[PDB]
Amino acid sequence: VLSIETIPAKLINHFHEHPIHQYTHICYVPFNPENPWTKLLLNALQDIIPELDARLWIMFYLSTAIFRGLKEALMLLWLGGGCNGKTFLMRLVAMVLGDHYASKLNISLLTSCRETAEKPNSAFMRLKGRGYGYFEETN
Amino acid sequence: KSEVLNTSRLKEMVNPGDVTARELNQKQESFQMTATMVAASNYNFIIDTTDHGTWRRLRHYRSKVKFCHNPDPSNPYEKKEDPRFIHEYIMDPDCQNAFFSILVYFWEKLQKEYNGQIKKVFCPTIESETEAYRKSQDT
């Protein structure tokens, strides 16, 4: 278990009494820019979005999905001509977060006008506790 | 979006008489309707009624306040607003306890002044917006 209560985050590897049940299957390691995979990811993400100023903002937006607490009223959407860097880092983030901390939705959440009271819109109660959501590209 | 008040069940909900309907494959059970009705709407409705039973139990007001983070100079109508009111200040026990104390104190004030009758208090601003709304909205 990793506690992000303080800076830096403390990795608890001993006995505790914190009521923790959900998890991800990814082991935590400290921030190592010297790792070859770390350098590859940094270079690839820089190539996807060359603007350093935009790159920092995008990374800051992505780094907030780990927290499960209340978040500000922000919605973000970014598009492109086609065959861009989209759906590349999105899937990576989704699978890093994991099923317990992430899930996939459909555009039908927003393209619907008003679901009938009898209609069982189970899609509304998705993302319960999960701190990151996304919508796949449509046709 | 701009809705329309179809008046469906309107006189049915307004009356204090107990009434019920069919549940999700269950049995009906009449309950006394003892709930206060209030509406917060950005847009307008459409009223289609002329009987004295209707247009009598309706009260209207128009908000003269515009809340934006940058107040226009010498504009009490468009003044400063605090976004932190919406995003946070919910989890504070003290704020909600103070709100409850205010509500119970003013309920006691209403009971001791108007003998518990909200119809015994009238406002110059109220029933003036209602009069304009009933004079308007007619096709």
# chains A, B, ... in the order shown; residues from 1 in each chain; ligands from 1
>>> select_by_dssp(residues="chain B", states="alpha helix (DSSP H)", output="MDAnalysis selection string")
chainID B and resid 10:14 84:87 93:114 128:135
>>> select_by_dssp(residues="chain A", states="strand (DSSP E or B)", output="list in words")
residues 2, 3, 10, 11, 102, 105, 132 and 135 of chain A
>>> interface_residues(of="chain A", to="chain B", cutoff="10 Å", atoms="only C-alpha atoms", output="MDAnalysis selection string")
chainID A and resid 70:73 118
>>> write_last_selection(atoms="N, CA and C atoms", output="short mmCIF file (atom, residue, chain, number, x, y, z; two decimals), in the first residue's frame")
data_model
loop_
_atom_site.label_atom_id
_atom_site.label_comp_id
_atom_site.auth_asym_id
_atom_site.auth_seq_id
_atom_site.Cartn_x
_atom_site.Cartn_y
_atom_site.Cartn_z
N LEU A 70 -12.48 14.40 -3.52
CA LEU A 70 -13.25 15.36 -4.31
C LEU A 70 -12.33 16.14 -5.24
N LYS A 71 -12.84 16.47 -6.42
CA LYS A 71 -12.07 17.16 -7.44
C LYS A 71 -12.86 18.35 -7.97
N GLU A 72 -12.13 19.30 -8.54
CA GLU A 72 -12.74 20.52 -9.06
C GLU A 72 -13.58 20.21 -10.30
N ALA A 73 -14.46 21.16 -10.63
CA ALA A 73 -15.40 21.00 -11.74
C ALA A 73 -14.68 21.29 -13.05
N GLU A 118 -38.34 4.81 -16.08
CA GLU A 118 -38.37 3.35 -16.10
C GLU A 118 -37.08 2.77 -16.66
#
>>> closest_atom_pairs(of="segment 27-47 of chain B", to="segment 55-61 of chain B", cutoff="12 Å", atoms="only C-alpha atoms", output="Markdown table")
| residue | atom | partner | partner_atom | distance |
| --- | --- | --- | --- | --- |
| B:37 | CA | B:58 | CA | 10.5 |
| B:38 | CA | B:59 | CA | 10.0 |
| B:39 | CA | B:60 | CA | 10.0 |
| B:40 | CA | B:61 | CA | 10.5 |
| B:41 | CA | B:61 | CA | 11.0 |
| B:44 | CA | B:60 | CA | 11.3 |
| B:45 | CA | B:60 | CA | 11.7 |
| B:47 | CA | B:55 | CA | 9.2 |
>>> atom_distance(atom1="atom CA of residue 138 of chain A", atom2="atom CA of residue 107 of chain A")
8.0 Å
>>> residues_around(residues="residue 80 of chain A", least_positions_apart="3", cutoff="12 Å", atoms="only C-alpha atoms", output="ChimeraX atom specification")
/A:48-49,77,83-87,137
>>> write_last_selection(atoms="N, CA and C atoms", output="short mmCIF file (atom, residue, chain, number, x, y, z; two decimals), in the first residue's frame")
data_model
loop_
_atom_site.label_atom_id
_atom_site.label_comp_id
_atom_site.auth_asym_id
_atom_site.auth_seq_id
_atom_site.Cartn_x
_atom_site.Cartn_y
_atom_site.Cartn_z
N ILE A 48 4.60 13.24 -28.85
CA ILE A 48 3.15 13.34 -29.04
C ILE A 48 2.70 14.79 -28.94
N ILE A 49 3.18 15.50 -27.92
CA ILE A 49 2.82 16.89 -27.70
C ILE A 49 4.09 17.73 -27.59
N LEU A 77 -11.36 17.85 -23.07
CA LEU A 77 -11.45 17.06 -24.29
C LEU A 77 -10.44 17.58 -25.30
N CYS A 83 -5.21 9.58 -36.64
CA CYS A 83 -3.96 8.82 -36.50
C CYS A 83 -2.93 9.60 -35.70
N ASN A 84 -3.40 10.33 -34.70
CA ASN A 84 -2.56 11.13 -33.83
C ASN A 84 -2.16 10.31 -32.61
N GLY A 85 -1.62 10.99 -31.59
CA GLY A 85 -1.20 10.32 -30.38
C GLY A 85 -2.36 9.87 -29.51
N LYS A 86 -3.58 10.15 -29.95
CA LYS A 86 -4.76 9.73 -29.21
C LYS A 86 -4.88 8.21 -29.20
N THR A 87 -5.54 7.70 -28.16
CA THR A 87 -5.78 6.27 -27.93
C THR A 87 -4.49 5.49 -27.70
N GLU A 137 -12.86 6.74 -28.88
CA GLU A 137 -13.22 7.45 -30.10
C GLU A 137 -14.38 6.75 -30.80
#
>>> closest_residue(among="B:94, B:138, B:18, B:82", to="residue 30 of chain B", atoms="only C-alpha atoms")
B:18
>>> residues_around(residues="residue 42 of chain A", least_positions_apart="5", cutoff="9 Å", atoms="only C-alpha atoms", output="PyMOL selection string")
chain A and resi 33+37+47
>>> atom_distance(atom1="atom CA of residue 24 of chain A", atom2="atom CA of residue 99 of chain A")
7.7 Å
>>> residues_around(residues="segment 64-70 of chain B", least_positions_apart="3", cutoff="7 Å", atoms="only C-alpha atoms", output="list in words")
residues 77, 78, 79, 80, 81 and 82 of chain B
>>> closest_residue(among="A:132, A:110, A:88, A:67", to="residue 45 of chain A", atoms="only C-alpha atoms")
A:88
